[PDB]
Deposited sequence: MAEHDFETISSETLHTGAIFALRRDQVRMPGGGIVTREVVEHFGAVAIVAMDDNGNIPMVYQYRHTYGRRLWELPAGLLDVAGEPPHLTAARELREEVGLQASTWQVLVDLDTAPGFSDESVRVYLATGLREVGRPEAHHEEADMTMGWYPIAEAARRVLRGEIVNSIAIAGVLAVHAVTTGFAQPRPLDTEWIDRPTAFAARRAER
């Protein structure tokens, strides 16, 4: 395939809308910053989750601590470590890559890197703590629907059961977004 022409329709606060012609076909893309989420597992197999209101659905959803990659030039896991601290007041000595997910491949370039933080330390000075098995059962019961949350909860669940393994921080993040950030539409 090949992009014959790109046309920017709208630039917003956190994303930009663009319309391209391909291969001929029309493809409207939503350029996003990209984001990072954290699955902080403690010594007893529990992870913290936040209950946040999502205007898109008009209700609160259970999710993993997460943030947008809106900090130009800042390393993803640095962003992730900051959000973990600010969201649930936790510092972690060990960071690994749990799972990368492309949220809506159909119309957006957003990709989210989910980290697995361990060696937890309570620092600083709404949310709840869930045993991984429960968080997982909550997913399968529809109580956790946020795609990022589902991916992280079930991934660490595969790890906690010995089925799979975490990964190094230098693991390549293939689809990390760059378009919107490259615009640098701020001043």
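Coordinate coverage of the deposited sequence is interrupted at 1-5, 29-33, 136-145, where no C-alpha atom was modelled.
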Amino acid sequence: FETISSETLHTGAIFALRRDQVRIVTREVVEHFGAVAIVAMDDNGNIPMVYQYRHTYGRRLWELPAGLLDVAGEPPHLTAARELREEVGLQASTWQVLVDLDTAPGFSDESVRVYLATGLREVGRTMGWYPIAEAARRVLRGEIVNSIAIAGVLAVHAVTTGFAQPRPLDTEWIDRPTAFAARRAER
From here on, numbers count along this sequence of modelled residues.
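With 68-76 and 99-107 compared on mean CA B-factor from the PDB entry, the stretch scoring higher is 68-76. Mean CA B-factor, 142-150 versus 43-51: the higher value falls on 43-51. As recorded in the entry, 120 carries the highest CA temperature factor of 35, 38, 135, 120. When all modelled residues of the chain are sorted by CA temperature factor, residue 127 is found within the highest third. Among the modelled residues of its chain, residue 177 has a C-alpha B-factor that falls in the lowest third according to the deposited record.
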